[PDB]
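Undergrad: What follows is a single structure, and I will ask about it in a moment.
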Amino acid sequence: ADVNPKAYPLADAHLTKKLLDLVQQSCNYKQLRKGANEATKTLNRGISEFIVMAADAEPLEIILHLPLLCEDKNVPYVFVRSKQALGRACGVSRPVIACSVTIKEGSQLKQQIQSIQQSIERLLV
Amino acid sequence: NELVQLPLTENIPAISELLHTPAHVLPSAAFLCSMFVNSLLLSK
Amino acid sequence: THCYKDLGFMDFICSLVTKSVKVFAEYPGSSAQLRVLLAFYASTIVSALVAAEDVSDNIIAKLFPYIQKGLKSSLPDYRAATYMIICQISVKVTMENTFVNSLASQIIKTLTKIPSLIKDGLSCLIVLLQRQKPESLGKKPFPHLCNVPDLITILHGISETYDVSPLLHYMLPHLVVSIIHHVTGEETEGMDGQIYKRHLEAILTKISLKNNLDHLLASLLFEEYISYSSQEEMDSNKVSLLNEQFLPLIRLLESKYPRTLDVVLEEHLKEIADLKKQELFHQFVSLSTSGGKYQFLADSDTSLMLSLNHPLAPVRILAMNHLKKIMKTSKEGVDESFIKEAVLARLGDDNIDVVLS
Amino acid sequence: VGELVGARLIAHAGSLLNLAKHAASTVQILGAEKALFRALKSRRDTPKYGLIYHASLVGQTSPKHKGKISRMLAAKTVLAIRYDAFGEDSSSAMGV
Amino acid sequence: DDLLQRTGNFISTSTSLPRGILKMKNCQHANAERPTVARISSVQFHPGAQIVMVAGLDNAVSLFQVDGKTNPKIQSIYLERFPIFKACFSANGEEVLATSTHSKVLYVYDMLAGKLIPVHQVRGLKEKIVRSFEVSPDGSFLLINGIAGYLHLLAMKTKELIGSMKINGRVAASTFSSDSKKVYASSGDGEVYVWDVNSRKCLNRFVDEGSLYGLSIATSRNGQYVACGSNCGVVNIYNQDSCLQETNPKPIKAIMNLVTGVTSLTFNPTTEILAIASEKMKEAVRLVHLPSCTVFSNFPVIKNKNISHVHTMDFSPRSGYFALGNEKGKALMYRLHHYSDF
Amino acid sequence: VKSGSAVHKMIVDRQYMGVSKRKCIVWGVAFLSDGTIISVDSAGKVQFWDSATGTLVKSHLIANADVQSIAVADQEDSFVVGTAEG
Amino acid sequence: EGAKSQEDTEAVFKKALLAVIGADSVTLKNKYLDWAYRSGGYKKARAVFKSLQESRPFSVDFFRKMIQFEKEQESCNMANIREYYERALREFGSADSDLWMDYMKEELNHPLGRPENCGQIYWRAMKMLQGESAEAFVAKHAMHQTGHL
Amino acid sequence: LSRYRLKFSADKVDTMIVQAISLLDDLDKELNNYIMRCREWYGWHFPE
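Quick note, the sequences are listed as chains X, S, P, C, F, G, U and L, same order.
Start counting at 1 in the first sequence, then tack on 3, and there's your number in the entry's author numbering.
Start counting at 1 in the second sequence, then tack on 715, and there's your number in the entry's author numbering.
Start counting at 1 in the third sequence, then tack on 179, and there's your number in the entry's author numbering.
Start counting at 1 in the fourth sequence, then tack on 289, and there's your number in the entry's author numbering.
Start counting at 1 in the fifth sequence, then tack on 214, and there's your number in the entry's author numbering.
Start counting at 1 in the sixth sequence, then tack on 172, and there's your number in the entry's author numbering.
Start counting at 1 in the seventh sequence, then tack on 448, and there's your number in the entry's author numbering.
Start counting at 1 in the eighth sequence, then tack on 145, and there's your number in the entry's author numbering.
This is the structure in structure tokens:
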């Protein structure tokens with residue numbers, strides 16, 4: 004409990020494991036952009052599959068610009084409970100509050116990305 | 716049995732900031748001694 | 180880096196500080212003129228001690244005369260810088276017992292020269308007594324340590340925020356021995372032993388004892404009382420004097436910390452039973468308000484508490500019989516409560532003879 | 290960054306919310322649009338100052354360190370921009 | 215009174231282990247008398263005698279006299295088709311227990327009675343193969359890692375099942391508490407469960423920070439530290455009281471020195487050294503000074519290129535010796551000069 | 173209910189203390205006042221779970237086929253199950 | 449104030465601030481704040497200070513008076529003391545050497561102050577001060593290190 | 146009814162920030178032109 008209500012698409016325990024596992028794969032295939040600033044450029048270029056954000060950023064407003072940009076490009080976005088878990092999944096020794104999986108032609112993650120996209124948008128009913 | 720880690724000079728941030736200032740800006744030695752010895756003590 | 184790697188530069192800095200202090204000593208009210216320089220002297224050397232990967236004996240050998248000169252001076256800032264240097268050295272390196280003894284002696288002997296730097300100095304001693312071997316310090320500086328004005332008040336003031344356990348851990352074994360020496364013998368003064376017992380009383384009343392200092396104090400009191408009572412000479416009048424001296428201390432130690440005396444008495448039953456020292460144990464437990472519940476039975480080497488509830492039924496009768504005598508005689512080591520729950524529990528067991536008793 | 294530099298930053302984007310949508314690297318080079326596109330077409334080195342050149346922190350620093358300070362200021366500045374645009378409470382606690 | 219009117223020393227040695235630099239000397243290989251090329255699965259020091267036991271992928275199990283110079287062989291036993299996945303001593307040290315990869319039978323070797331009892335059938339146990347297991351410090355229990363997140367508790371003396379504990383998700387690693395009254399089990403999703411031994415109930419469920427999935431877990435003898443290893447190579451050290459009462463404990467210090475997933479965790483008997491290792495990379499072993507939580511900077515001498523991949527570590531009962539097993543069939547041993555007893 | 177969020181997800185093993193390709197179907201769930209969940213599975217077992225910790229408490233294997241029905245009386249001292257065997 | 453009710457005094461002050469808009473408003477604001485402490489208490493001064501904290505024509509006496517009021521109150525919240533000094537340094541920090549030196553002495557002498565901040569205050573003082581004011585702060589600090597103050 | 150609502154969401158509008166920084170530049174230009182004529186016209190009387 005004790006979660007800021009502004010992170011509405013909150014993934015549960017089971018979905019979070021699927022999310023972080025896919026993010027780990029995307030790092031191995033060089034299909035992941037790390038950081039709030041680098042993630043923002045992906046939506047402006049329209050090459051983003053989905054957006055993962057960290058819910059425990061003590062000022063939550065510093066990442067709330069991303070949901071507005073997602074709703075224009077029709078890109079799914081989800082929140083996770085830990086930035087430390089997000090940072091380790093990205094393969095970085097520092098916490099990460101936002102990451103983006105990018106569009107890649109011929110990717111072997113296409114079936115997995117499609118499955119996760121169906122899962123994330125299902126949260127919004 | 717119980718293992719306790721005593722405070723060290725390099726770990727304390729206040730002592731480091733006090734030691735990184737120039738000497739002429741630095742206050743009198745009595746205040747420095749008070750802060751240093753108090754920080755070296757184990758807090759209960 | 181050049182200060183700790185090159186010893187000539189450090190010697191230059193120390194010589195400059197000493198020479199400037201000696202020059203400015205003659206003019207009254209010139210302490211402020213030496214502020215910044217002394218701060219610089221405080222700033223670098225400690226940092227140098229931080230920077231060195233290992234502090235060799237050369238560095239400490241060079242620093243020690245300047246440390247002594249700082250201790251002997253009357254300038255507050257110079258003494259403060261010496262205190263910081265001593266604290267950092269004690270934190271970083273392990274020292275032989277002799278050098279810790281000499282450093283603590285020099286800190287204690289020159290404490291009262293500057294009345295505004297008492298507290299820090301005492302706190303400095305605590306650091307020197309916390310990061311080194313427990314038995315580094317000897318017994319020689321103990322009198323001068325006791326004679327400082329308002330020692331226990333300053334110790335209590337420090338105790339409100341920081342841990343003061345090492346100093347009491349050093350003090351108490353010497354305090355009990357010195358009290359016994361004052362009771363039977365002569366000292367530097369009668370008021371010396373009086374201020375010894377006043378120090379121990381004030382430590383008991385005001386400063387809370389933590390980290391199992393209660394057990395240490397109780398064990399020291401019991402063991403040394405038994406040891407002196409085991410002397411070849413009778414000294415019956417001296418024994419009575421020692422009893423009337425230790426009575427209030429045992430009272431207060433029982434009152435503030437209840438269960439410590441019971442545990443320390445339980446730990447010492449076996450060797451007292453092994454030797455022929457039951458009467459001395461009886462006298463010691465008679466000195467207390469509670470602890471006469473551990474009186475040895477007249478015929479066997481067992482305690483009254485264990486005699487009441489141990490499995491063997493017939494000899495239990497004697498225990499209640501002993502309690503009956505403890506009932507009728509002048510009870511001095513036992514209290515009402517123990518007798519009450521003992522009889523109330525023993526009313527309801529299996530053996531009918533025990534029920535009759 | 291200051292009253293004057295912040296006002297020019299808002300005027301360039303046309304609004305505070307438009308400025309909030311921008312990344313940290315864009316805010317650093319927001320003023321220097323002529324040098325950016327000239328360097329990009331000619332494949333030269335990109336500018337590093339922008340409108341941030343007239344900030345108080347950037348001005349005080351030595352010319353060798355004016356490059357590092359610009360990106361450190363710009364990265365931290367956008368954090369104040371997002372919170373001021375979206376946060377519902379007006380305070381200077383974070384900016385200080 | 216004064217130290218410069220006489221000649222003498224100023225620097226002396228401390229009773230506690232110094233930080234930063236560890237004084238060590240290489241010793242003769244533990245398995246010098248019996249050279250092998252197979253991977254060394256397990257190495258362990260006998261609790262009460264100077265005996266070291268080396269087991270590996272080659273089907274032999276050997277016991278060696280612990281001497282710095284020669285390490286003479288005591289006895290070697292070869293099983294037919296039993297590649298040893300893990301071999302350990304009992305808590306009393308009187309019997310040796312070994313298991314194999316994808317084998318149901320558990321081998322118990324009683325040295326006092328000279329009997330080798332193969333425990334192929336355990337009544338009430340549905341597990342197909344037995345490879346992962348742990349022994350309690352007191353010696354009254356044995357824990358078997360199963361499938362579907364099942365933990366099986368067995369009596370040590372009679373090898374009969376007591377009860378079962380089920381966790382959500384896979385069982386990655388498990389260990390016993392110092393007092394042997396609790397069980398620490400790490401799941402496959404990064405969550406760690408605490409179970410009570412006497413009554414099989416889940417006391418608490420806490421989460422390791424930033425762990426997708428755990429690979430190892432260890433506890434200290436004094437009961438002060440609990441260490442958890444994860445996939446990224448980060449080892450988190452906690453106070454045991456913090457794990458029992460907090461759903462999101464904050465570790466004392468997170469060790470980021472290792473970069474690949476930690477598979478081995480071993481605590482010093484004096485609780486001053488923590489050894490961490492990763493088998494996926496060569497030279498991936500580190501030593502940690504527990505009170506300071508800092509890593510010794512001199513242990514891995516990477517130019518020698520002898521350690522290679524690490525699979526098993528062990529400490530002597532009085533921390534006098536340190537053992538290291540690799541994939542090349544060499545059971546390396548080092549002596550720590552700070553401790554003068556075996 | 174006063175939220176609408178799933179506090180606990182409880183994994184049910186497909187075979188009794190084992191694994192199988194066939195998915196396990198929970199045919200009925202009963203909820204008691206003390207906090208224990210009674211479930212009947214297609215593997216043929218009745219399981220008692222604790223809601224507070226979200227962990228399995230006990231399992232009972234009673235049939236070789238599906239156990240498909242659950243019902244508890246108003247006084248929570250007795251309940252009834254039905255199996256595919258009849 | 450002498451021979452009229454409290455509310456009418458506040459009404460006169462508010463009319464005065466509307467009529468006078470330029471540099472002459474500086475003395476008007478100082479007397480308005482002084483009246484608030486006398487007519488009311490510390491709470492009244494806080495309300496007036498918050499309303500007038502944004503009217504940019506100021507003087508250093510406005511912030512010095514408010515700092516003194518916080519000092520006299522028993523609370524002596526150090527956060528408010530720092531908060532008033534930062535606003536004053538924003539307006540007049542470029543040319544006032546005394547204000548920077550007064551700020552530094554607060555961190556040393558005040559029981560709730562943090563003396564370790566003095567390293568950063570001296571560093572900030574040099575860069576914001578311009579011209580001869582920068583040289584004045586060095587001389588004043590050099591005299592402060594000695595007992596001459 | 147409408148103006149009751151969006152008024153409470155006001156004072157967070159930046160239309161007067163972009164209209165007061167542009168005017169601040171325009172006033173600087175007119176000041177520069179006007180001072181030059183004053184120095185030029187009066188420089189034929191007291192050039193020093």
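The beta-carbon is built from N, C-alpha and C at its ideal position, and this holds for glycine as well.
For U/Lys575, would you say it is in contact with chain C, using Cβ-to-Cβ distances shorter than 9 Å as the test?
TA: By this cut-off, U/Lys575 is an interface position.
Undergrad: Between the region 299-309 of chain P and the region 265-279 of chain P, do at least 3 Cβ pairs fall closer than 8 Å?
TA: Contact between the region 299-309 of chain P and the region 265-279 of chain P is present, because at least three Cβ pairs lie under 8 Å.
Undergrad: Please confirm whether P/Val362 and P/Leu296 have their CB atoms less than 9 Å apart.
TA: No.
Undergrad: Determine whether the beta carbon atoms of F/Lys300 and F/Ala269 lie at a separation below 9 Å.
TA: Against a cut-off of 9 Å, the Cβ pair of F/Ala269 and F/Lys300 comes out as a contact.
Undergrad: Quick check on DSSP: helix, strand or coil for S/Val740?
TA: Coil at S/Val740, not helix or strand.
Undergrad: Let me know if F/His243 comes out buried or exposed under the rule of 16 or more other beta-carbons within 10 Å of its beta-carbon.
TA: Flag for F/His243 reads buried.
Undergrad: Going by DSSP, what residues sit across from G/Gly254 in a beta bridge?
TA: In the DSSP output, where bridge partners are listed per residue, G/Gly254 has G/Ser241.
Undergrad: Relative to the C-alpha of U/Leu556, which residue among U/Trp548, U/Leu547 and U/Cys566 is closest?
TA: Cα-wise, what sits closest to U/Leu556 is U/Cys566.
Undergrad: Suppose only complete runs of 3+ residues qualify. What are the beta strand (DSSP E) ranges in the region 218-288 of chain F, listed by chain order?
TA: Those beta strand (DSSP E) runs which fall completely within the region 218-288 of chain F and span 3+ residues are 238-240, 254-259, 265-270 and 274-279.
Undergrad: Find the nearest neighbour of residue 323 of chain G within the set F/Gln459, F/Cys416, F/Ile487 and F/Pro465, judged by alpha-carbon distance.
TA: Here chain G has residues from 173 to 258 only, and residue 323 of chain G is not among them.
Undergrad: How many angstroms separate the CA atom of P/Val355 from the CA atom of S/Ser743?
TA: Cα-Cα distance, rounded: 42 Å.
Undergrad: In the DSSP assignment, find the beta strand (DSSP E) that holds X/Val83 and state where it starts and stops.
TA: Start and end: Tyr80 to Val83.
Undergrad: Can you name the residues of chain C whose CB is closer than 8 Å to the CB of L/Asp159?
TA: Chain C residues near L/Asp159: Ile299, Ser304 and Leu305.
Undergrad: Do the region 724-740 of chain S and the region 83-103 of chain X meet, that is, are 3 or more Cβ pairs less than 8 Å apart?
TA: Cβ pair count under 8 Å is below three, so no.
Undergrad: Taking F/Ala399 as the reference, give the member of F/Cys442, F/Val322 and F/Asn285 with the closest Cα.
TA: Answer by Cα proximity: F/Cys442.
Undergrad: Ordered along the chain, which non-local residues of its own chain (more than five positions away) have a Cβ less than 8 Å from that of F/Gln438?
TA: Same-chain partners within the cutoff: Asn453, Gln454 and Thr485.
Undergrad: Per DSSP, F/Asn520 forms a beta bridge with which residues?
TA: The partner list for F/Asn520 (beta bridge, DSSP) is empty, contrary to what the question assumes.
Undergrad: For the candidate residues F/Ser554, F/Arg549 and F/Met325, whose alpha-carbon lies nearest to that of F/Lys239?
TA: Closest option to F/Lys239, Cα to Cα, is F/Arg549.
Undergrad: CB F/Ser392 to CB F/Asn436, shorter than 9 Å?
TA: Contact: yes.
Undergrad: Give the residues of chain S in contact with P/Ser536, contact being defined as C-beta atoms less than 9 Å apart.
TA: Going along chain S, no residue has its Cβ under 9 Å from P/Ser536, so there is no contact; the nearest lies around 45 Å.
Undergrad: Have a look at P/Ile496, P/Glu520 and P/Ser408 and flag the residue whose alpha-carbon is nearest the alpha-carbon of P/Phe463.
TA: When each option's Cα is compared against that of P/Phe463, the closest is P/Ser408.
Undergrad: How about G/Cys196 and G/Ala215: do their beta carbons lie closer than 9 Å?
TA: Yes, they are a contact pair.
Undergrad: Can you name the start and end residues of the beta strand (DSSP E) that F/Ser314 belongs to?
TA: That run of the beta strand (DSSP E) goes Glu309 to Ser314.
Undergrad: Report the three-state DSSP secondary structure of F/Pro332 (helix, strand or coil).
TA: It is a strand residue.
Undergrad: Between the region 452-464 of chain U and the region 241-250 of chain G, do three or more beta carbon pairs fall short of 8 Å?
TA: Taking 8 Å as the limit for Cβ pairs, the verdict is that the region 241-250 of chain G does not touch the region 452-464 of chain U.
Undergrad: Just to make sure I have the definition right: I need the residues of chain X whose C-beta is within less than 7 Å of the C-beta of C/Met383. Which are they?
TA: Correct list: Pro62.
Undergrad: Taking contact to mean at least 3 C-beta pairs separated by less than 8 Å, is the region 226-237 of chain P in contact with the region 196-214 of chain P?
TA: With the cut-off at 8 Å, the region 226-237 of chain P and the region 196-214 of chain P do not touch.
Undergrad: Flag this pair as yes or no: are the beta carbons of F/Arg384 and F/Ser401 separated by less than 9 Å?
TA: Yes.
Undergrad: Give the DSSP bridge partners of X/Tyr32, in chain order.
TA: Beta-bridge pairing links X/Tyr32 to no other residue.
Undergrad: Under 8 Å Cβ to Cβ from P/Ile331, same chain only, skipping five residues before and after it: list those, please.
TA: So the qualifying residues of the chain are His378, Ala381, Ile382, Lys385 and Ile386.
Undergrad: I want to verify the contact list: residues of chain L whose CB lies under 9 Å from the CB of C/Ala296, in sequence order.
TA: Chain L residues near C/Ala296: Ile162, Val163, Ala165, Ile166 and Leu169.
Undergrad: Apart from the five residues on each side of it in sequence, which residues of its chain come closer than 8 Å, Cβ to Cβ, to P/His394?
TA: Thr439, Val442 and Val443, listed in sequence order.
Undergrad: Below 9 Å between beta carbons: does that hold for U/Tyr533 and U/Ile515?
TA: Yes, Cβ-Cβ distance for U/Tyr533 and U/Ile515 is below 9 Å.
Undergrad: Starting from the beta carbon of residue 539 of chain P, find every residue of chain F whose beta carbon is closer than 7 Å, and list them in chain order.
TA: Nothing about residue 539 of chain P can be reported from this structure: the residues present for chain P run from 180 to 536 only.
Undergrad: If you drop the 5 nearest sequence neighbours on each side, which residues of the same chain put their C-beta closer than 7 Å to that of C/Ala382?
TA: No residues qualify anywhere along the chain.
Undergrad: Just to check my reading of the structure: F/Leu501 and F/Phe513 have Cβ atoms closer than 8 Å, yes? What is that Cβ distance to the nearest angstrom?
TA: Yes, F/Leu501 and F/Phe513 are in contact; Cβ-Cβ is about 5 Å, under 8 Å.
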